[PDB]
Amino acid sequence: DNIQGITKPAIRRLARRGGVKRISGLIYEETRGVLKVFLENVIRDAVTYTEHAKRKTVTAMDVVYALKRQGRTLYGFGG
Amino acid sequence: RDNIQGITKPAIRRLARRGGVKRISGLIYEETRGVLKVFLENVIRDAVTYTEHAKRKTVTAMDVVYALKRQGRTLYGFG
Amino acid sequence: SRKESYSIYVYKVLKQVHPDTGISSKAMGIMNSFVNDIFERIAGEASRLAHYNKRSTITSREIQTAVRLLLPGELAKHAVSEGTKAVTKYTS
Amino acid sequence: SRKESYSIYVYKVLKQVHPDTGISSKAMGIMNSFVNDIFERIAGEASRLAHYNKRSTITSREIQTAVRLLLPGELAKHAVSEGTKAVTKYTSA
Amino acid sequence: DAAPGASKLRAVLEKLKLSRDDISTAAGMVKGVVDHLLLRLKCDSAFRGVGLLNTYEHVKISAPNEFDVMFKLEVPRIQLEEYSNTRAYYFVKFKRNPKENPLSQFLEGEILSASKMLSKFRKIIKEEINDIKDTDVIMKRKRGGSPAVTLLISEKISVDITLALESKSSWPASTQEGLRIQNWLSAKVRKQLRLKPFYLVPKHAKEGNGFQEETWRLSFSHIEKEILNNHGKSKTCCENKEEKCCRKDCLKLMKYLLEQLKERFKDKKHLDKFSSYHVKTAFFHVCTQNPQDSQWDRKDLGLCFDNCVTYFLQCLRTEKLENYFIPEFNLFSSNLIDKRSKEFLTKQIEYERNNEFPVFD
Amino acid sequence: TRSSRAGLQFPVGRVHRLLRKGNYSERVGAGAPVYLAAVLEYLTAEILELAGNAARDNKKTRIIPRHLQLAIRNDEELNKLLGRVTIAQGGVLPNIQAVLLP
Amino acid sequence: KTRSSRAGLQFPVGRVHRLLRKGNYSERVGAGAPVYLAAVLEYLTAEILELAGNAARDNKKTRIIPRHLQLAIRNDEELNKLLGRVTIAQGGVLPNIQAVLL
Amino acid sequence: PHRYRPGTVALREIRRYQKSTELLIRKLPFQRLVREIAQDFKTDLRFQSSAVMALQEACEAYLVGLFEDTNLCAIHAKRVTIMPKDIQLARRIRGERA
Amino acid sequence: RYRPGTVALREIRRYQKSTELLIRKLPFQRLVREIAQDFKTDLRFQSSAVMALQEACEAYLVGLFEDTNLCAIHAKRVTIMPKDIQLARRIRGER
DNA sequence: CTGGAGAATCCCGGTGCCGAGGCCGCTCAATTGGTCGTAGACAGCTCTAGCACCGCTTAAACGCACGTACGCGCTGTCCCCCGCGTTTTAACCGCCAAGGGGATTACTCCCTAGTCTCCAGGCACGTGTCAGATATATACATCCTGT
DNA sequence: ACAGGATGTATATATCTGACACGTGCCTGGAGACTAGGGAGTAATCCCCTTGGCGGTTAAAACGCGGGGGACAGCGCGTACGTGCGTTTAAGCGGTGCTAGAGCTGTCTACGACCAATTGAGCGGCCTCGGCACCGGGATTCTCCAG
C-alpha cells in the first residue's frame with residue numbers, strides 16, 4: 001500500500017535528524033503507524049474545515065488551522 | 001523560607017501511592033519538592049497577575065482557575 | 001445580585017436520566033463549570049470558524065462543525081445527531 | 001483581493017536592526033504568521049481579561065496584563081517597558 | 001364458615017418437602033451441565049461476558065423435573081424504545097458504547113435482534129452439549145413462540161434455558177409507581193431494591209397480529225427472591241421462632257395447588273396457559289392486603305390461604321392482575337391468555353374452594 | 001419558551017444571550033443556540049448517565065465528584081474530550097500496573 | 001501625521017486598531033491599547049530579527065532564511081519557551097547530539 | 001512479630017489512596033508554601049480559602065499525574081523504584097524543561 | 001570501511017545541518033490523498049497544503065524521535081524500540 | 001599505541017540566474033474633526049470574611065533499628081542492525097494539456113438586530129428530613145510462616 | 001502446598017445532622033411581535049491551478065552478506081528503602097476577635113463609537129541587480145589498521 005511509501009530509509013533519515021544513533025527493526029512499522037495516526041487527526045480536522053467552507057479544495061490555511069487547534073502550530077503558510 | 005520543606009516525606013509518599021508508584025528512592029522527595037515549587041511559581045505568577053489586573057489585594061478562586069486555564073491544566077469545581 | 005448557573009438544568013436532566021438519584025453541591029459546581037467550559041470551547045471554535053470564512057453570523061452549521069472539530073469521533077456523531085434532531089423539531 | 005500582511009513593516013524593523021542584511025520571502029511569510037500569531041494571542045488574552053473583570057473595553061492595562069501572562073520573564077519586563085514607552089510617546093504627542 | 005385445617009396444610013408442607021427431597025442428583029446433573037456450558041460459552045468471543053445469576057428458581061415446585069435456568073449478561077447502557085404503548089415491551093438500543101462490546105457487533109440496525117440472539121444461542125448450545133461426555137444432553141424443541149430452549153439431561157431432566165440481559169442502568173419510567181413496599185416494609189428497602197440491576201427477556205407481542213417483534217419484557221426474579229427472604233414488617237420474620245409466618249407456607253400452598261390442578265386437568269386443553277409467577281405477583285398484592293405478621297400467623301394459615309384464593313379469584317373475575325413493578329401492565333389480558341381457559345380455571349378453583357378441598361390427600 | 005419548542009432542557013434563550021454577549025461574532029443565527037443548547041444537553045446527559053451508573057455501582061444515591069471522575073475517566077472518548085481537565089475532589093482511577101502485583 | 005509616527009513606532013497602529021476592532025475581542029477598544037500592542041509586536045519582531053541577523057552573520061549569509069529563524073528562536077531560551085508549541089517551516093532543528101552517543 | 005513482605009503494605013496503600021479522594025498534602029503547610037511564593041511575588045496578598053483549595057487540588061492532581069508518568073518511566077527502565085532521573089525524563093518529555 | 005557508528009554520527013551531523021524535507025514528496029502526497037479519501041471522497045489538495053502538512057508531519061516525527069532517544073538512553077541503551085515510542089506517546093498523553 | 005591513507009568535508013574562486021530591492025501608479029483605509037452616550041473612574045459605605053490568635057487534642061510526621069529485595073555492575077551470548085555493494089524502482093523534473101472549482105462580482109430577500117412590552121421562569125430565601133458519616137460488632141477476604 | 005493465626009476490609013445496625021430537595025415570592029430576563037437593513041445565499045462567470053499523463057534521467061530504495069557491538073539474561077552483592085515501633089510535632093478544630101477589603105450604589109466625565117470628509121501610505125504591477133546556488137580544484141578535518 002502507500003504507507004510503505006513512507007520508506008524505511010526516510011524513517012531512518014527522520015531518526016538521524018532526531019538524534020537516534022541506532023534503530024531497531026520494528027521502529028519502522030510503528031513509525032508508519034504513528035504517522036498514519038497523526039495524519040488521520042490533522043486531515044480529519046482539515047477536511048472538516050474544508051467541508052465547512054463548502055469547498056472541495058483543502059487550502060494550506062485549513063491545514064494550518066487544524067495544526068493550530070491541535071497545538072502543533074505551523075508558521076509560514078498563512079495567518 | 002523552609003515552608004517548601006513543609007511538604008513532608010509521607011505526603012509525597014502518599015502522592016506516589018495514589019500515583020501507582022510502588023517504591024520510592026530517597027532522592028525523589030527533594031526533586032518532587034522542587035517540581036512542586038516550580039509548578040506553584042508558575043500558577044501563582046499567573047494568578048497574582050490576574051489579581052493585580054483587577055486592582056485587588058485578594059487572590060480568589062476564580063483567579064487561580066483562570067491561571068490554570070491558561071496553563072492548560074484546567075480545573076473544575078471552583079466556578 | 002444573582003449568579004447565572006446551569007444548576008436547575010443539570011438537575012432536570014438528572015431527573016430525566018436517573019429519576020431518583022441525588023447530586024451534591026460540589027458535583028453541581030463541577031457540572032456548572034463543565035457546561036460553561038464546553039459552551040466556551042464550542043462557542044469559541046464557532047467564532048474562530050466563522051471568522052476564518054469571513055462570515056459574521058454563527059449558525060447551527062457553524063456549531064455543528066465546531067462540535068465535529070472539537071468532540072471526538074462517535075460521541076461527536078451522536079452529538080451532531082442530537083443537535084440536528086433538536087433543530088428539526090424547532091423548525092416545526 | 002488585498003493580502004494585508006506585515007511585510008514592509010518587518011522589512012523596516014530589519015533595516016532598523018541590521019541595515020545591510022536582507023530577508024528571504026519564506027522568512028517574511030514566517031514573520032507574518034508570527035506577528036499574526038502573537039497578535040491573536042495577546043488580543044485573545046485581553047479579550048478574556050476584559051470579560052473576566054466585566055470591562056467592555058480593552059485598554060493598555062489589559063494589554064500589559066496579557067503581555068505579563070503570555071511572555072516569559074525578561075521578555076515581559078522589556079515588552080512592558082517598550083509598551084509603556086510608546087504609550088507615553090503617543091500621549092505626549 | 002371455617003378455614004381448612006392448618007395441621008392438614010402442614011401435612012401438605014411435609015408432602016412439599018417430600019416433593020423437594022430429590023434435589024441432590026438433579027442438582028449435580030445440572031451443575032455439571034452449567035459448568036461445562038458456561039465454561040464453553042466463554043470460548044466464544046461474542047459472549048465473553050455471560051454468567052449465571054444466582055437465584056435455582058423453582059417456578060414449578062409440584063414437578064421439579066422441568067427446569068427454567070436463567071442466565072445473566074452484563075450489557076452496556078441501553079436506550080429503550082417502548083413498543084406500541086404496551087408499557088412492558090421495549091426495544092433494546094445500545095445507547096452509546098466506545099468499547100464496542102460484541103452484542104452491538106451482533107446487532108441488526110439499531111434494535112437488538114432477540115430472534116438472532118436466541119438463534120445463535122441455540123446454535124452454540126447445539127454445538128456444545130453434544131461435546132458433553134457421559135451426560136447425554138440432546139436438543140429438544142418447543143413451539144408456540146415462547147423463548148424456552150429445551151435441553152434434556154439424560155434422564156427426564158428437561159432444562160428450558162432463557163438467557164436474560166442484565167442492565168445496571170436506572171429503571172424505566174413505567175416501573176415508577178410500582179414496587180409499593182414503602183408503607184409495607186420501608187421506602188428505604190424500596191430504594192435499595194431500586195439500586196439493583198434490572199433484567200431483559202424477550203417475547204414478541206402476541207396480540208393478534210403482532211408477529212416476531214424484537215421486543216423485550218422486564219424480568220424481576222432476583223428482587224422477588226430477596227423479598228421472599230426478607231418479607232416481614234419485623235425483619236426477623238421466619239428467622240426466630242416467635243415470628244413464624246405463613247407467607248412462604250401460603251405461597252407454596254397456592255403454587256402447589258394451582259400446578260397440581262394444572263397437572264390433573266392437562267387432559268383438557270385449557271390449563272397449560274397460566275403460571276405461578278402470576279400467583280406470586282398476586283400473592284405480593286395479598287401481602288399488601290395482609291401486612292401484619294399477626295395477620296399471617298399459623299392460626300391464620302387457612303385464613304391467609306383463603307385470602308390468597310379469594311384474591312386470585314378476584315384477579316380472575318375483575319380481569320386485573322397488575323405487575324407489582326409495573327402498575328400499567330395487566331398480565332391477565334384476553335389475547336395473550338384465552339378467556340375460556342380463565343373461565344375453566346375459575347370453575348375449578350370455585351369448585352375446590354367450597355367443598356373443603358378434597359385434593360389435600 | 002424556545003426550550004419547550006425545541007424539546008430541550010437547557011435554556012436556549014440563555015445560550016443565545018451568552019452567544020451575543022460574549023462577542024463571538026456580530027450576528028448570531030437562530031438555529032445556533034438551539035443546536036448549541038442541544039449539544040450541551042447531550043454531553044450533560046451522557047456524563048450524568050455514566051455518573052449515575054457509577055453511583056449505583058457503589059450503591060450511593062447521591063452523586064459526589066468521585067462518581068464524575070470515574071465516569072469521565074472510564075469512558076475513553078470522554079477522557080479524550082477532557083484530557084486537560086482536573087476534576088477537583090476526584091482522585092484517579094484504580095489503576096495499578098501489572099508488573100507491580102505479586 | 002500617522003499615529004505610528006506620533007508614537008515613534010514602526011508597526012501600523014491604525015491596522016492594529018482595525019484588527020482589534022473587527023476581531024471581536026471586545027465591544028470597545030481603548031486607544032492606548034493598539035499603541036501598546038504595536039509596541040509589543042515591534043519589540044518581539046525586533047528581538048527575533050536581531051537574533052536571526054546574528055545567525056545570518058555567523059553563517060556568513062546576508063539574507064535571513066527560515067533556518068536562521070529556527071536557530072534564533074531555539075537558541076534563546078525565553079523565545080523557546082514562547083514558541084515551544086510552534087514548528088517553523090523550512091526550519092530544521094538545532095544541532096543537538098547526545099554526548100553519551102558520541 | 002507479623003512483619004509483611006516489603007511490597008504488601010505498598011500495594012494496600014496504593015489501593016487505599018486510589019480509593020480515597022481527600023487531600024493528601026496537609027492543608028496548613030501547603031497554605032504556608034503558597035503564602036511564601038506569593039510573598040515573593042506581591043507583598044501582603046490575602047488569599048481566598050477556596051483559592052488555596054484550588055491550588056491544592058491542582059498540585060495534588062499534577063503530582064499524581066506526574067507520578068503516574070514517572071512510574072511508567074521506572075517500569076520502562078526494567079526497574080520498580082522511581083528515581084529523580086525518571087522525573088527529569090518525564091518532565092523533559094512533557095515539555096516543561098526540554 | 002568505517003566503524004559501525006561513525007557514519008551514523010556523520011549522518012546525524014549531516015541531517016541536523018540540512019533543512020529540506022526528509023520524506024520523498026510524492027509517496028507522502030499519495031499517502032495524504034489516501035487518508036483524505038477515507039474521510040471525504042474526491043478531494044483536491046493545494047500543493048502548498050501537502051507541503052505544509054509534510055513540514056508539520058516531519059517536525060512531529062523529529063520531536064517524537066528526540067523524545068524516543070531520551071527514553072532509549074534512559075533505559076541505558078542506544079537503540080530505540082517500539083517500547084520507547086509507546087512510552088513517549090503515553091507520557092505526552094497522545095493515547 | 002603511537003604514526004600514515006584516504007574518505008569526507010570546508011573554503012577558493014569563477015559563472016550565472018533568478019528572486020529581494022526598488023521605483024511607479026492607483027485607492028482603499030487611516031487620520032482629523034465634531035457629536036453623542038455611556039462605560040468606567042471615583043467615592044463612600046456596608047459587611048462578609050480572611051487573618052491573627054489561643055488551646056486542647058490526636059493523628060500523624062519524625063526518627064531509628066533492620067532485614068530483605070531491588071538496583072547496578074559485570075560477564076558472556078548471540079543475533080540483530082549497520083555498512084558497503086549491486087541491483088531494481090520510481091521520484092523528480094520538465095512539458096502540456098483540460099477542466100474543475102476558487103474567486104469575484106451582482107442582485108436579492110430573508111433573518112437577525114434592535115426596541116417595546118408583558119409575563120413566567122429562575123433565583124433567594126426558608127425548611128424537613130433524608131443519605132451519609134459516625135461508631136461498632138461481626139463476618140469474609142487476604143497474606144506470611146510453620147508442617 | 002496447604003492449613004492456620006492473625007490482620008485488614010467490607011456488610012449490617014442505631015444514631016445523628018447538616019445538606020439536598022422542594023415550596024413561596026418576587027423581578028428581570030426571555031418571548032412575541034414589528035420593523036429596517038444587510039449579510040448571506042445564489043447565479044453566473046474568468047481563469048488559475050490542480051490533475052493527469054508522459055519521457056527521461058538518475059538519485060535513491062531495496063536486498064544481500066559479513067560481522068560486531070549491543071541487548072538481554074543471569075549471578076552477585078552491597079546498600080537503600082520499606083516495615084514497624086516508639087517518640088515528638090503541630091495539624092486541626094472550635095472559637096472569638098479585628099479590621100481589611102470585596103462588593104455595591106450613586107454620581108459624574110473623559111473616551112470611544114459613529115459619521116463624515118480628506119488624502120496618503122500601502123499594495124499591485126513593473127523591471128533589475130547582488131546573493132545564493134552550483135562546479136571543479138585546492139586545503140583541511142578526521143577516522144582507522146599496524147612494525
# chains A, B, ... in the order shown; residues from 1 in each chain; ligands from 1
>>> closest_atom_pairs(of="chain K", to="chain G", cutoff="9 Å", atoms="only C-alpha atoms (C1' of nucleotides)", output="CSV")
residue,atom,partner,partner_atom,distance
K:111,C1',G:30,CA,7.9
K:112,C1',G:30,CA,6.8
K:113,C1',G:28,CA,8.1
K:131,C1',G:62,CA,7.4
K:132,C1',G:61,CA,8.8
>>> write_last_selection(atoms="N, CA and C atoms (P, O5', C5', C4', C3', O3' and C1' of nucleotides)", output="tab-separated table (two decimals), in the first residue's frame")
chain	number	residue	atom	x	y	z
K	111	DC	P	-9.54	60.64	28.46
K	111	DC	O5'	-10.00	59.16	28.15
K	111	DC	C5'	-11.36	58.83	28.41
K	111	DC	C4'	-11.81	57.68	27.58
K	111	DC	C3'	-11.15	57.61	26.23
K	111	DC	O3'	-11.35	56.36	25.71
K	111	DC	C1'	-13.39	58.29	25.96
K	112	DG	P	-10.46	55.87	24.48
K	112	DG	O5'	-11.53	55.28	23.47
K	112	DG	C5'	-12.05	54.00	23.70
K	112	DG	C4'	-13.41	53.81	23.07
K	112	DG	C3'	-13.39	53.61	21.57
K	112	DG	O3'	-14.46	52.81	21.17
K	112	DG	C1'	-14.56	55.56	22.07
K	113	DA	P	-14.35	51.93	19.83
K	113	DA	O5'	-15.82	51.96	19.25
K	113	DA	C5'	-16.91	51.85	20.13
K	113	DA	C4'	-18.09	52.64	19.62
K	113	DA	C3'	-18.36	52.52	18.13
K	113	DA	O3'	-19.71	52.25	17.94
K	113	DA	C1'	-18.24	54.79	18.74
K	131	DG	P	25.56	40.78	-1.96
K	131	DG	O5'	24.53	40.01	-1.02
K	131	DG	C5'	23.18	39.93	-1.41
K	131	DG	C4'	22.69	38.49	-1.44
K	131	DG	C3'	23.58	37.47	-0.75
K	131	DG	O3'	22.77	36.48	-0.19
K	131	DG	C1'	23.37	36.90	-3.05
K	132	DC	P	23.36	35.30	0.72
K	132	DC	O5'	22.97	34.07	-0.20
K	132	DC	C5'	21.62	33.88	-0.49
K	132	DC	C4'	21.43	32.79	-1.51
K	132	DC	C3'	22.14	31.47	-1.21
K	132	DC	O3'	21.27	30.41	-1.50
K	132	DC	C1'	22.85	32.32	-3.32
>>> interface_residues(of="chain C", to="chain D", cutoff="12 Å", atoms="only C-alpha atoms", output="mmCIF file with N, CA, C and O atoms, in the first residue's frame")
data_model
loop_
_atom_site.group_PDB
_atom_site.id
_atom_site.type_symbol
_atom_site.label_atom_id
_atom_site.label_comp_id
_atom_site.auth_asym_id
_atom_site.auth_seq_id
_atom_site.Cartn_x
_atom_site.Cartn_y
_atom_site.Cartn_z
ATOM 1 N N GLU C 40 -17.941 27.268 26.256
ATOM 2 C CA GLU C 40 -16.876 28.188 25.893
ATOM 3 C C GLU C 40 -16.037 27.642 24.754
ATOM 4 O O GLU C 40 -15.713 28.376 23.822
ATOM 5 N N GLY C 44 -16.261 29.287 21.169
ATOM 6 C CA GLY C 44 -15.008 29.855 20.716
ATOM 7 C C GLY C 44 -14.572 29.300 19.380
ATOM 8 O O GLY C 44 -14.102 30.047 18.520
ATOM 9 N N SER C 47 -16.701 30.711 16.776
ATOM 10 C CA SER C 47 -16.303 32.083 16.497
ATOM 11 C C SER C 47 -15.080 32.129 15.598
ATOM 12 O O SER C 47 -15.046 32.889 14.624
ATOM 13 N N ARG C 48 -14.073 31.310 15.909
ATOM 14 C CA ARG C 48 -12.879 31.224 15.076
ATOM 15 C C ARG C 48 -13.226 30.712 13.695
ATOM 16 O O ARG C 48 -12.669 31.171 12.695
#
>>> atom_distance(atom1="atom CA of residue 298 of chain E", atom2="atom CA of residue 244 of chain E")
7.4 Å
>>> closest_residue(among="F:14, F:73, F:80, F:62", to="residue 28 of chain C", atoms="only C-alpha atoms")
F:62
>>> interface_residues(of="chain C", to="chain J", cutoff="10 Å", atoms="only C-alpha atoms (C1' of nucleotides)", output="count of residues only")
8
>>> interface_residues(of="chain F", to="chain G", cutoff="10 Å", atoms="only C-alpha atoms", output="VMD selection string")
chain F and resid 21 to 26
>>> closest_atom_pairs(of="chain G", to="chain H", cutoff="12 Å", atoms="only C-alpha atoms", output="tab-separated table")
residue	atom	partner	partner_atom	distance
G:74	CA	H:98	CA	11.1
G:77	CA	H:97	CA	10.1
G:78	CA	H:97	CA	11.7
G:80	CA	H:98	CA	9.8
G:81	CA	H:96	CA	8.9
G:83	CA	H:95	CA	11.7
G:84	CA	H:95	CA	8.0
G:85	CA	H:95	CA	9.4
G:96	CA	H:98	CA	11.8
>>> write_last_selection(atoms="C-alpha atoms", output="PDB file, in the first residue's frame")
ATOM      1  CA  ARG G  74      15.510  27.748  19.511  1.00  0.00           C
ATOM      2  CA  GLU G  77      15.557  30.109  25.977  1.00  0.00           C
ATOM      3  CA  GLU G  78      12.868  32.756  26.541  1.00  0.00           C
ATOM      4  CA  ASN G  80      11.964  28.980  23.032  1.00  0.00           C
ATOM      5  CA  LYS G  81       9.520  28.977  25.944  1.00  0.00           C
ATOM      6  CA  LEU G  83       7.409  29.217  20.863  1.00  0.00           C
ATOM      7  CA  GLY G  84       7.697  25.738  22.324  1.00  0.00           C
ATOM      8  CA  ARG G  85       4.496  24.741  20.550  1.00  0.00           C
ATOM      9  CA  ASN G  96      21.684  18.501  19.329  1.00  0.00           C
TER      10      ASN G  96
END
>>> interface_residues(of="chain G", to="chain I", cutoff="10 Å", atoms="only C-alpha atoms", output="tab-separated table (two decimals) with N, CA, C and O atoms, in the first residue's frame")
chain	number	residue	atom	x	y	z
G	66	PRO	N	14.61	30.75	6.59
G	66	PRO	CA	13.92	30.15	7.75
G	66	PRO	C	14.79	29.34	8.69
G	66	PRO	O	14.43	29.22	9.87
G	67	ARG	N	15.90	28.79	8.22
G	67	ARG	CA	16.86	28.14	9.11
G	67	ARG	C	17.40	29.12	10.14
G	67	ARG	O	17.60	28.75	11.31
G	86	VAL	N	5.48	25.71	18.53
G	86	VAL	CA	5.44	26.16	17.15
G	86	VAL	C	6.54	25.49	16.36
G	86	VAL	O	7.73	25.63	16.69
G	87	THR	N	6.16	24.80	15.29
G	87	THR	CA	7.11	24.27	14.33
G	87	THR	C	7.20	25.24	13.17
G	87	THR	O	6.17	25.66	12.63
G	88	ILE	N	8.42	25.59	12.79
G	88	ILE	CA	8.67	26.56	11.74
G	88	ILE	C	8.96	25.80	10.46
G	88	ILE	O	9.78	24.88	10.45
G	89	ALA	N	8.28	26.18	9.38
G	89	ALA	CA	8.53	25.53	8.10
G	89	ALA	C	9.90	25.91	7.58
G	89	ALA	O	10.36	27.04	7.79
G	90	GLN	N	10.56	24.95	6.92
G	90	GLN	CA	11.95	25.06	6.45
G	90	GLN	C	12.91	25.41	7.57
G	90	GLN	O	13.90	26.11	7.36
G	91	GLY	N	12.63	24.94	8.78
G	91	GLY	CA	13.43	25.35	9.91
G	91	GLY	C	14.53	24.37	10.22
G	91	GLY	O	15.65	24.77	10.53
G	92	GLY	N	14.23	23.08	10.17
G	92	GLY	CA	15.17	22.13	10.69
G	92	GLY	C	15.12	22.16	12.20
G	92	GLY	O	14.17	22.68	12.80
G	93	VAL	N	16.13	21.58	12.83
G	93	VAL	CA	16.25	21.61	14.28
G	93	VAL	C	17.65	22.09	14.63
G	93	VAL	O	18.49	22.30	13.76
G	94	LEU	N	17.88	22.26	15.92
G	94	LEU	CA	19.21	22.60	16.38
G	94	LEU	C	20.13	21.40	16.22
G	94	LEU	O	19.68	20.26	16.27
G	95	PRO	N	21.41	21.63	16.03
G	95	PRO	CA	22.36	20.52	16.18
G	95	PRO	C	22.43	20.12	17.65
G	95	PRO	O	22.98	20.84	18.49
G	96	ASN	N	21.86	18.96	17.95
G	96	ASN	CA	21.68	18.50	19.33
G	96	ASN	C	22.01	17.01	19.31
G	96	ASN	O	21.13	16.17	19.10
G	97	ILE	N	23.27	16.69	19.54
G	97	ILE	CA	23.73	15.31	19.60
G	97	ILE	C	23.97	14.97	21.06
G	97	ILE	O	24.52	15.77	21.82
G	98	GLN	N	23.53	13.78	21.46
G	98	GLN	CA	23.70	13.35	22.84
G	98	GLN	C	25.15	12.93	23.06
G	98	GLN	O	25.72	12.20	22.24
G	100	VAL	N	26.43	11.00	25.33
G	100	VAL	CA	26.58	9.58	25.63
G	100	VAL	C	26.59	8.75	24.34
G	100	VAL	O	27.16	7.65	24.32
G	101	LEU	N	26.03	9.27	23.25
G	101	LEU	CA	26.13	8.58	21.97
G	101	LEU	C	27.50	8.77	21.34
G	101	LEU	O	28.02	7.87	20.68
G	102	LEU	N	28.09	9.95	21.52
G	102	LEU	CA	29.41	10.25	20.98
G	102	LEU	C	30.52	9.43	21.64
G	102	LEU	O	31.46	9.01	20.98
>>> select_by_dssp(residues="segment 5-68 of chain C", states="helix (DSSP H, G or I)", output="PyMOL selection string")
chain C and resi 7-17+25-52+60-68
>>> atom_distance(atom1="atom CA of residue 93 of chain H", atom2="atom CA of residue 88 of chain I")
7.1 Å
>>> decode(residues="segment 4-17 of chain K", atoms="N, CA, C and O atoms (P, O5', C5', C4', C3', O3' and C1' of nucleotides)", output="compact mmCIF listing (two decimals), in the first residue's frame")
# COMPACT_ATOMS: atom_id res chain seq x y z
P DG K 4 -5.98 -26.12 59.85
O5' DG K 4 -5.01 -24.91 60.22
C5' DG K 4 -3.83 -25.10 60.97
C4' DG K 4 -3.36 -23.76 61.49
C3' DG K 4 -4.38 -22.94 62.26
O3' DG K 4 -3.74 -22.37 63.37
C1' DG K 4 -3.58 -21.68 60.41
P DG K 5 -4.56 -21.96 64.69
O5' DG K 5 -4.17 -20.43 64.89
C5' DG K 5 -2.86 -20.07 65.34
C4' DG K 5 -2.51 -18.65 64.91
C3' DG K 5 -3.41 -17.58 65.54
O3' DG K 5 -2.65 -16.43 65.91
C1' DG K 5 -3.49 -17.44 63.18
P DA K 6 -3.21 -15.51 67.11
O5' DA K 6 -4.33 -14.59 66.43
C5' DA K 6 -4.07 -13.23 66.08
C4' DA K 6 -3.20 -13.11 64.85
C3' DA K 6 -3.18 -11.71 64.23
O3' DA K 6 -1.86 -11.30 64.01
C1' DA K 6 -3.66 -13.34 62.59
P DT K 7 -1.43 -9.77 64.25
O5' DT K 7 -2.21 -8.97 63.10
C5' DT K 7 -1.81 -9.10 61.73
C4' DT K 7 -2.78 -8.39 60.81
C3' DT K 7 -3.57 -7.25 61.45
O3' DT K 7 -3.11 -6.01 60.87
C1' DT K 7 -4.95 -8.61 60.06
P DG K 8 -3.87 -4.61 61.09
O5' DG K 8 -4.80 -4.51 59.80
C5' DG K 8 -4.23 -4.76 58.53
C4' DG K 8 -5.28 -4.98 57.47
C3' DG K 8 -6.25 -3.82 57.27
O3' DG K 8 -6.23 -3.37 55.93
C1' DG K 8 -7.42 -5.89 57.45
P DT K 9 -7.05 -2.06 55.52
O5' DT K 9 -8.43 -2.64 54.95
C5' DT K 9 -8.39 -3.46 53.81
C4' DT K 9 -9.73 -4.12 53.51
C3' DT K 9 -10.86 -3.15 53.14
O3' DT K 9 -11.56 -3.65 52.01
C1' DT K 9 -11.56 -4.59 54.86
P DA K 10 -12.65 -2.74 51.26
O5' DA K 10 -14.05 -3.43 51.58
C5' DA K 10 -14.29 -4.78 51.18
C4' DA K 10 -15.50 -5.32 51.91
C3' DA K 10 -16.80 -4.58 51.67
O3' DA K 10 -17.74 -5.53 51.22
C1' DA K 10 -16.46 -4.95 53.98
P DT K 11 -19.22 -5.13 50.79
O5' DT K 11 -20.09 -5.49 52.08
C5' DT K 11 -20.26 -6.85 52.47
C4' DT K 11 -21.25 -6.94 53.62
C3' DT K 11 -22.52 -6.12 53.41
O3' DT K 11 -23.64 -6.96 53.69
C1' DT K 11 -21.58 -5.61 55.49
P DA K 12 -25.14 -6.40 53.62
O5' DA K 12 -25.50 -6.08 55.14
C5' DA K 12 -25.78 -7.17 56.02
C4' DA K 12 -25.86 -6.69 57.45
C3' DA K 12 -27.06 -5.78 57.75
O3' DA K 12 -27.66 -6.18 58.97
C1' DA K 12 -25.09 -4.80 58.52
P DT K 13 -28.94 -5.40 59.53
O5' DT K 13 -28.26 -4.40 60.56
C5' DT K 13 -27.73 -4.92 61.75
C4' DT K 13 -27.80 -3.89 62.86
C3' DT K 13 -29.04 -3.00 62.86
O3' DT K 13 -29.50 -2.80 64.17
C1' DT K 13 -27.07 -1.68 62.75
P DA K 14 -30.90 -2.05 64.41
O5' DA K 14 -30.47 -0.54 64.69
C5' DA K 14 -31.21 0.26 65.58
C4' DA K 14 -30.29 1.04 66.50
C3' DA K 14 -30.74 2.46 66.78
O3' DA K 14 -30.31 2.85 68.09
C1' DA K 14 -28.71 2.51 65.59
P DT K 15 -31.04 4.06 68.85
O5' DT K 15 -30.24 5.34 68.33
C5' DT K 15 -28.84 5.42 68.54
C4' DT K 15 -28.29 6.65 67.87
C3' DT K 15 -29.30 7.75 67.61
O3' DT K 15 -29.29 8.75 68.69
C1' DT K 15 -27.72 7.44 65.79
P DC K 16 -28.25 9.99 68.75
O5' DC K 16 -28.92 11.08 67.78
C5' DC K 16 -28.36 12.38 67.55
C4' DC K 16 -27.36 12.33 66.41
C3' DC K 16 -27.24 13.63 65.62
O3' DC K 16 -25.95 14.18 65.71
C1' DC K 16 -27.33 11.71 64.21
P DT K 17 -25.80 15.76 65.94
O5' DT K 17 -24.82 16.27 64.78
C5' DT K 17 -24.57 15.48 63.62
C4' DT K 17 -25.03 16.24 62.40
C3' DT K 17 -25.89 17.47 62.70
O3' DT K 17 -25.57 18.52 61.83
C1' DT K 17 -27.01 16.10 61.23
